[PDB]
Amino acid sequence: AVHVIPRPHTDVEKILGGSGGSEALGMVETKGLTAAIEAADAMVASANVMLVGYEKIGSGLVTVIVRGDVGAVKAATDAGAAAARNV
Amino acid sequence: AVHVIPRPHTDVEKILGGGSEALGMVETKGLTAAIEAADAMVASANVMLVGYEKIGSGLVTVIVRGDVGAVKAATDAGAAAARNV
Amino acid sequence: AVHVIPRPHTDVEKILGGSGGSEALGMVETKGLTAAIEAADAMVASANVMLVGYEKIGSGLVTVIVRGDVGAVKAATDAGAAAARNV
Amino acid sequence: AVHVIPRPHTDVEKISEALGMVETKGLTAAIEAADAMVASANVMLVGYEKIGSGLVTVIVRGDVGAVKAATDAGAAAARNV
Amino acid sequence: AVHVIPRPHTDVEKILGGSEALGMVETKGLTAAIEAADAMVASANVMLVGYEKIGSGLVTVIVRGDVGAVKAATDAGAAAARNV
Amino acid sequence: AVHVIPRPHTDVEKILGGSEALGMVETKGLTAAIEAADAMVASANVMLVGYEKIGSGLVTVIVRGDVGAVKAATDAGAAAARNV
Amino acid sequence: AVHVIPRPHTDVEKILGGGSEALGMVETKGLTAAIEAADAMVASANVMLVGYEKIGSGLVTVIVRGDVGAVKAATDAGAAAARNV
Amino acid sequence: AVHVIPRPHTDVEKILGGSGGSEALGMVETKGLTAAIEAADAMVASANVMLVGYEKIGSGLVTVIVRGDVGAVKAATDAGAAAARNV
Amino acid sequence: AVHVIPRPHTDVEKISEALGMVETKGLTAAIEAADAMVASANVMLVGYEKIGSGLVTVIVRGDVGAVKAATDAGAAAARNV
Amino acid sequence: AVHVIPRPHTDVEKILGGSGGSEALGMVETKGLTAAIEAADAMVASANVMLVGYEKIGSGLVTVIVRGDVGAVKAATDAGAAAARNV
Amino acid sequence: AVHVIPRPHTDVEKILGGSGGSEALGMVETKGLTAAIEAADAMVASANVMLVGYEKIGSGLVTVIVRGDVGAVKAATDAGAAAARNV
Amino acid sequence: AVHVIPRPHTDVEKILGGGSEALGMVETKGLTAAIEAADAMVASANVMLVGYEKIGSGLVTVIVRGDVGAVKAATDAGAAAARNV
Amino acid sequence: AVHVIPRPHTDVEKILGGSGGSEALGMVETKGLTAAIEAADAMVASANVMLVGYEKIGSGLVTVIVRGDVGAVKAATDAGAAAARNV
Amino acid sequence: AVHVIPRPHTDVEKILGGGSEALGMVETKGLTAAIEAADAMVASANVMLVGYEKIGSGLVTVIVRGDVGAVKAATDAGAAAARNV
Amino acid sequence: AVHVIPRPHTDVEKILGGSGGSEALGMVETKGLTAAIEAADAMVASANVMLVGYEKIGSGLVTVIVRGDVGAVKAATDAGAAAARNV
Amino acid sequence: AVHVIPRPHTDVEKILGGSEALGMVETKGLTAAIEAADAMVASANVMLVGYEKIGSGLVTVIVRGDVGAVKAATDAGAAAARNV
Amino acid sequence: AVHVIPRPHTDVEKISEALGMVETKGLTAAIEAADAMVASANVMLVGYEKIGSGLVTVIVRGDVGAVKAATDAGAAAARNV
Amino acid sequence: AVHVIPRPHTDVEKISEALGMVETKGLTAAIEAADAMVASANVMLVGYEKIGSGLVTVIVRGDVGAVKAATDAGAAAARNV
Amino acid sequence: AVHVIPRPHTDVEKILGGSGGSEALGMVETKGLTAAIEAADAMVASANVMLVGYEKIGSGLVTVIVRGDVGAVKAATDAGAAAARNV
Amino acid sequence: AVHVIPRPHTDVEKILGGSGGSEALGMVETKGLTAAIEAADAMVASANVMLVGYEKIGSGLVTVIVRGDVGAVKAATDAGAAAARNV
Amino acid sequence: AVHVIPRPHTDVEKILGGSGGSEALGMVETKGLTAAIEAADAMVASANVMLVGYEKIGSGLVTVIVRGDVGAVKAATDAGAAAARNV
Amino acid sequence: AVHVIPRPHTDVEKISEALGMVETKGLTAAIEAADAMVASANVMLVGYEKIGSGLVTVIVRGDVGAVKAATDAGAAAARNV
Amino acid sequence: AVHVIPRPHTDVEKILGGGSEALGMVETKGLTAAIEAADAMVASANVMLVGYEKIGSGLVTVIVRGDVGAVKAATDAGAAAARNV
Amino acid sequence: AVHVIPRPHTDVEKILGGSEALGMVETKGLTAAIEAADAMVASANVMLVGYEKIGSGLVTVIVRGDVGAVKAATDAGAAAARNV
């Protein structure tokens, strides 16, 4: 699952940490920490986005979160997901 | 499970992160549905986000608090958004 | 699939139609034309969105598309999806 | 699926009173349904929608009452072919 | 399915007249449609109305004309479609 | 599993006291946990210690108090969790 | 099916989009093979593209018109290109 | 299926619309309209290409088409396909 | 099978305007279909054909329009028994 | 079965009816009465043959019979068979 | 089934039609009207017998009946049955 | 089924083709057994043939009428002949 | 398969050899040459017909052809087929 | 397969047994259907019989030649007759 | 099948060839051409018969035919069959 | 099977010359044979030799000519046969 | 089957020295076998027999020794295609 | 898994003498194990690690000997619930 | 999965922690906490790397992370993986 | 796989060889070396392309590569593929 | 498999050819030569990397190798792998 | 697969008269095929191609006739090992 | 197979690409594990890389040479790295 | 397969002489090849020619020499390959 949530409410974003009114959040759900880190690295390499965190939701699933302006987040989440395939 | 607990005792609500008129809980699959549900909830009604509880197996349970009518409306909004992702 | 694309390039939205910039596009994939029209109706009833068109992609699948501000499109697609389920 | 939607928003019907839909299998069932609808009630054919897999959805518009009657007629004719 | 509808209402012939009858030959693939069409306008005094693409590779050819012509035309049309 | 541990060592109650006993109700999902918690503090003079998320959707609610209270509280807690 | 219909009646050819000496039809899987077949066809012989017919199930039937020899050659060219993608 | 057809004949391109002598056409075949739009959006974001259309060939399949110079079309079709995976 | 044949040659109808046929299962469905046909439209019963396996084919004649309407009526009645 | 018997003895044709000598008899076995009548209609329309009768032989099978010169009967039975197929 | 009934009672024969005291009746049971007619034709061709009728007893079965003197009926029923095989 | 109906009402007997003391019915398979049963029946007893009823599936039911004793004897005769063919 | 074609066109008959306007052709399809010859022999023994040939159409199938007046051909083809069964 | 080949090259047509406007081919099962198809073909249109090709497995392919419209009509006639036997 | 037809009508033997009356014809159906030729060779070696021809009836089956007096043909076909078995 | 035999001995070309090469296209049914034949004499300077009916519906078309022509001709022939 | 028959009676060979037979699968294997036979030994091609099911039997004649050699050659070539 | 690791590097234990680990199923088995450990030997509870799937790993530290004894005690208690 | 990411963006390494640039990060995914700690211990024992933390990603999986120069991280992850296997 | 890559970077074409810029490269994957050589031969015979080399990628698979203008390469690969099929 | 080996030893890199002390090597393992070339092309298009070669390791597997500075190699290998999916 | 290609374009043979190919299984069958080819006919070995899965394709060149003969020889030798 | 051959004869070692005290061979799956094994090997001990042998089925066998103790240590290092990728 | 080819033609020894015989040991994996090679040059007066990688992990070692040497050498070679 790759997802861009546009215009989230501050409370919604703050609880994930990074209290801001970000124009968008991008999420790449990965399997295992290797895919997670490679995804994150690919993400900050590809666009002007900030890493918000890795959410370990159990069962080896790590969902990587970035924040930033819309266009950057769209581009970053695609890069992050592609990088996850490649590990 | 989508659920509303009506007069949460203070200990019960505090530990989840004040004494509120009701608590709403929407259990979602994955973090994306969780944030969408959270977002639809605080948007659809006068409720405040309490937090996300990651209870394992990819499950994230979103919790809101507020007055009864609002929390009912919020939880329905949340559940719908969680489905659609 | 129920989906919101935030900030569509104008080229992308223009092809779907018509000649517009929109803070967002919402898509509701429905089964059959009655579910599509009920969805279409609930979407423009629930929020300040404009109907963009219905896409008949085969197999009885009809995808209804709306445009508008982020908030309205988020709300409208949820309304539309619900309507589609109920027929 | 046979369906009558009561107050289509103008935008929705563009893309008043009522809309009727008869989903038929094949074009032959579609036309028989269409002919039966416009013969049986004071309604107007709006068009046929080809939604794939041989399914053709016939659309009529009119007063609620006429559309209710028309759609039952249309569905019966499509069965009988 | 080969079908002749006997007094099509004018609105029903939205597709393309007050014509005495409509004939329909449901065919498999565009080749069978074109062969059906060609055999139809050849076997009788009928006029092609069009081909309807309804999905699943199915194409339904539509002809119009007098009853006798349309009856004969569709029969020819169906047979042409078989032989391809 | 519903469980009462009778004289928990002070270190063991790292989780959150010298309290006479600890009660534990292992629940399925956060709703069952909260309902269990609420029913527990209602049925007896016990104090909530916290909920432990141990994975697989399982949440274990922890209460502390006198033995009699904790026995009754956990029984109520388990029953509340059943009914949701 | 790869097919050549030899003396298309005018109604038959017009509705597909003048009266031509022959029609060629190449049925392809997906739009890529369709465009490749179309391309190989107008390149391999003196034929003119009539259109693509999307008949469902991912099938696209490419139609060309021209004199008999050319249309025969074109259709073979088209079918070959459609295979190779 | 991802494909770049180089040097297509004008008639071949015109019938798809966009009558031009494009140096190349790129095609990304997608499933459903969500993958189609995300692909198109990713495509115009990644390179100097023009959207030609979405071709609904039945069975839920939508094939997105772009035109432009060769290098841009190569890059765009890769971006479009990756975006389609991510939905 | 429900069918309307438009210009039966006289020899064919002996063995004008139109013929309608409702194929029913059993005699009880046949008669209900017959009663529904002659009640619902200005048509005449021609006869019932026993073609075996309990199948009875009911025949009406009349104007095209009446026969179209009658046959849909006949088929509906046969279902409902 | 579609069949032409050439030169039927009069006794044979008389029983079927009626009191006639015919260069040939043609038989089209149809399924159901609508297929029989459509067949009957196509036969007397296609050639100089006379309808002899329909035989209800059970199981929904109706066999249509014509008489005439060899050529007409050959042509008529093919026409009749075709009509029967198409309903 | 091929059968020759010898010396039947008049009532027994009359109800089949052809009221006579025939020396014998011959019966060839056939499947479908093609086998029936070919059988009948073969029957009147082979011997001095009279066609009595084709009895449609359901399930596509047609039983052909002839009457005449014994020897002719014996010969005819054999010819009729052989002809039925051959279709 | 081999059957004797004892005092047929007039309507019942007429429709089958006078008021008789009894009716006999022998249901046979095929026309050969029917004629044999008919033949054995009118031969074995003082009964008169009423007709053959072709009720489908190759079944032919032979009906005779006459006084009770005769009809009993006839029906047994008929059934036996029908078996043996 | 046993068949009598009545009134065939000369070209149709000539290509089989025996250029004539025969009143009829009879065909008995047999398996193997033993059935073929026994059939042919039975055929010329039973009626005034001329042997046209044995057509070997593959898979051990030999179709025996005779020509002559209608009645003879009808009788001969029945004799030929019966003889084929008997080997 | 029922088929019309539109401008047969001379070598192609000669070897089958002059240069014709079109060739028609009807593939039949057994010789009976072949002769019936041949017969219906030369009767239904202005076409001339070329021959029967016995290609094995009981298959006989009938070939006619003539102008395009006639050959189209003939082949349809032939195929129909072949079915009905 | 190994077979002897006694007293073939001349029409029957002439078609097989050639222009002859023979007290009998013998047929040996063999598998493949080597078995046929070995059979052919053993037949004309064992008795006063004349080779008539070999019939290729498909499926690799070749049927060898001889003519002669009854006794020779009886003997020759047995010889031929034996030879065919042994290859 | 499509096959080119490079220097066929004169006796081997019994079938129908000293011709530089023979090409063979084995086809399914007579339609595929004729289409193969037609495509062959069209694509190259080759001469048809004949069609061999070898049973099981299989017909093998034979062409003769220079090597380059026969190579190209048979390739065309095989492709024509595919498309029918 | 590959076979050499030693003294074919003249009648048999019509319908001396020796006959050779190579049974091949398909015409392509047949010709390769034929070419190999007439190239490999001093024999003459007699003909090819189409006996159905795609089987073609190639025939050569010559001295016994030549025919023995030719037939082995013919069979090898047919395998290799 | 019950395990005693002998000289954890300080960085490792941060994220001396010895470390003991008792992997238990569920929190109830975890606490019983914990109580048994700190009661049975002179060791200190370090913490419980929730590693998912209901598994809780209890950690103690102390001298090698005490940790060896403690961990056997902890594992026994977890079984018995 | 055993993995080395070379040159992690600081944003990537900072989230994992703590505030550092590193020529590389190494990750050892272990089963259970004893395997993780043994791995952790072997890694800092085998090379000049610093323990970064352990990630509990669920299902009993613990991923140990180290930072350092390329060579040390390469060596340390192999050491760590080996240790994890042996418990 | 039959494939045409339009406008290959020189680095890409140079490795395959040799030192060239080409409007396109064509690749025909063949089974076995005879199919490859036949393909190679048909490609340089059908169009103005130059053979680049054959790649033996294992499993009996040989991939033939050509270079040239777009049109020639399009034509040549189709020719090559056809040749490969026919052996 | 996609892999970036950082800081390899010269001997390790030289034997692959391209004797250099590259800051990194990137490897994209592909199936067949089409995926290999499209990957390579995508690779040199996306970043400042040099093609080292295609290694045919059997079973249709071709592993594409690039060399360059770390960031470029990371980006290139992701582009190469994505391109391989798309064929 | 055994194959003789008649006029290889020079570019093709680089990467006249004729080329012969014998595809063998394993290297031992390859060499026996090679030895048999160069012994049996006036041809030259071109090389052996290792195309994977143990398959080795042996190549000879020469006049058409020699190459035809050589390749049959090569294939026979490879079978017999 | 991970293997050390102790006194390679000169012919044996030369053909693989001087006379060395021992040879080490690590057979890996894919080129990535091969390069990693090669890298870990020349790093872990005083050994020199000889080459990679691609023996099919995706298998690459890395060969090093050096003194006995070093080659033993190198091969163990190589095998470990090959596993971990 | 272990094989000795008795008088290899000079061209056939393209691989690497007029040598009286060639010996071949087909081995599984490179270790078995090297061990086979080493055992071969040790057991007899033969010279290594090379190893051929033919795919599927199979490596065939080639030796040359006098017949007696090559016979003995390959036997040793095959045995060495077994024991690894």
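For this coordinate set, the PDB header names X-ray crystallography as the determination method and states a resolution of 2.509 Å.

Draft legend 1. The packing of helix 2 (residues 32-46) of chain M against helix 3 (residues 70-85) of chain M, seen in detail. All names here are of chain M. Where helix 2 contacts helix 3, the axes come no closer than 7 Å and their chain directions differ by 145°. As helix 2 runs across helix 3, the sense of the crossing is right-handed. For the pair helix 2 and helix 3, the contacting residues are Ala35, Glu38, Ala39, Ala42, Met43 and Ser46 in the first and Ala75, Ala76, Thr77, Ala79, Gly80, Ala83 and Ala84 in the second. Its residues placed into classes, the contact of helix 2 with helix 3 shows nine nonpolar, three polar and one charged.

Draft legend 2. A look at the sheet that holds strand 4 (residues 59-66) of chain W. All names here are of chain W. The four strands lie next to each other as 1-2-4-3, forming an open sheet whose pairing is antiparallel. If you trace the sheet from one side to the other, it starts and ends with strand 1 (2-5) and strand 3 (47-56), each paired once. If you compare each strand with its neighbour and ignore which way they point, the axes differ by 20° on average. Sheet topology places strand 2 (residues 22-29) next to strand 4; eight bridges connect them, and they run antiparallel. Bridging across to strand 4, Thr28 finds its partner in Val60. Against the sheet, helix 2 (residues 30-44) touches strand 2, strand 3 and strand 4, its axis set at about 150° to strand 2.

Draft legend 3. Structural detail: the pattern of salt bridges. Under the definition given, this model contains 48 salt bridges over all chains. Measuring nitrogen to oxygen at the nearest pair gives 3.2 Å for the salt bridge that ties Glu23(A) to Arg7(C). Highlighted residues: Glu23(A) in the loop between helix 1 (10-14) and strand 2 (24-31) and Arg7(C) in the loop between strand 1 (2-6) and helix 1 (10-16), drawn from two different chains. Judged by its relative accessible area of 31%, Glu23(A) is partly exposed. Measuring nitrogen to oxygen at the nearest pair gives 3.0 Å for the salt bridge that ties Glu52(E) to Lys50(D). Of the two residues, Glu52(E) sits in strand 3 (residues 46-55) while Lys50(D) sits in strand 3 (residues 44-52), which places them in two different chains. Judged by relative accessible area, which is 9%, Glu52(E) ranks as buried.

Draft legend 4. Quick peek at the side chain of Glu38(S). For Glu38(S), the position within the fold is in helix 2 (residues 32-46). No salt bridge is formed by the buried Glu38(S). Its closest oppositely charged neighbour is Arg7(R), at 13 Å. For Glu38(S), the side chain forms a polar contact with the side chain of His3(R), separated by 2.6 Å. When neighbours within four sequence positions are excluded, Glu38(S) is seen to be in contact with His3(R), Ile5(R), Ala83(S) and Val87(S).

Draft legend 5. Looking closely at the relation of the copies chain K and chain J. Between the two copies, chain K and chain J, the superposition gives an RMSD of 0.4 Å; the rotation angle is 73° and the shift along the axis is 0.5 Å. Such a combination of rotation and displacement between the chain copies is what one expects of a five-fold axis. Within chain K, the C-alpha atom positioned nearest to the axis of rotation is that of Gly58(K), 3.4 Å from it. Here only 15% of the interface residues in chain K have copies in chain J that are interface residues too; the copies meet through unlike faces.

Draft legend 6. View of the interface of chain F and chain B. Each side of the interface is counted separately: chain F has 21 residues, and chain B has 19 residues. Elements that contribute at least two residues to the side of chain F that touches chain B include exactly helix 1 (29-43), strand 3 (46-55) and strand 4 (58-65) of chain F. Of all the elements, helix 1 of chain F adds the most residues to the side of chain F that touches chain B, at nine residues. Among the residues making up the side of chain F that touches chain B, the classes are represented as twelve nonpolar, six polar and three charged.

Draft legend 7. Inspection of the sheet that holds strand 3 (residues 49-58) of chain C at higher detail. All names here are of chain C. Pairing within the open sheet is antiparallel, and its four strands lie in the order 1-2-4-3. The sheet is open, and its two edges are formed by strand 1 and strand 3, each paired on a single side. Ignoring which end each strand starts from, the neighbouring axes of this sheet average 20° apart. Relative to strand 2 (residues 24-31), strand 1 runs antiparallel, the two being bridged by five bridges. Among the inter-strand pairings, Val2 is bridged to a residue of strand 2, identified as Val28. Of the strands in this sheet, strand 1, strand 2, strand 3 and strand 4 (61-68) are in contact with helix 3 (residues 70-85), which crosses strand 2 at around 5°.

Thresholds applied
Residues numbered from 1 in each chain as written, not as in the entry; some residues may be left out. Chains lettered and ligands numbered in written order. Part of a larger assembly, values for the part shown. Heavy atoms only, no water. Residues with missing side-chain atoms left out of burial classes, pairs and counts. Axes fitted to C-alpha atoms, helices over the stretch in contact; angles between N-to-C directions. Helix = DSSP H or I, 4+ residues; strand = E, 2+ residues; numbered from the N terminus. Left-handed = near helix turned anticlockwise from the far one by under 90°. Contact = heavy atoms within 4.5 Å. Nonpolar A, V, L, I, M, F, W, Y, C, P; charged D, E, K, R; others polar. Pairing = 2+ DSSP bridges. Salt bridge = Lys/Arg side-chain N within 4 Å of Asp/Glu carboxyl O. Buried < 20%, exposed > 50% of the residue type's maximum accessible area, 1.4 Å probe, protein only. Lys, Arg positive; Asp, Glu negative; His and termini not counted. Polar contact = N/O pair within 3.5 Å; in protein donor to acceptor, adjacent residues only side chain to side chain. Least-squares fit on C-alpha atoms.

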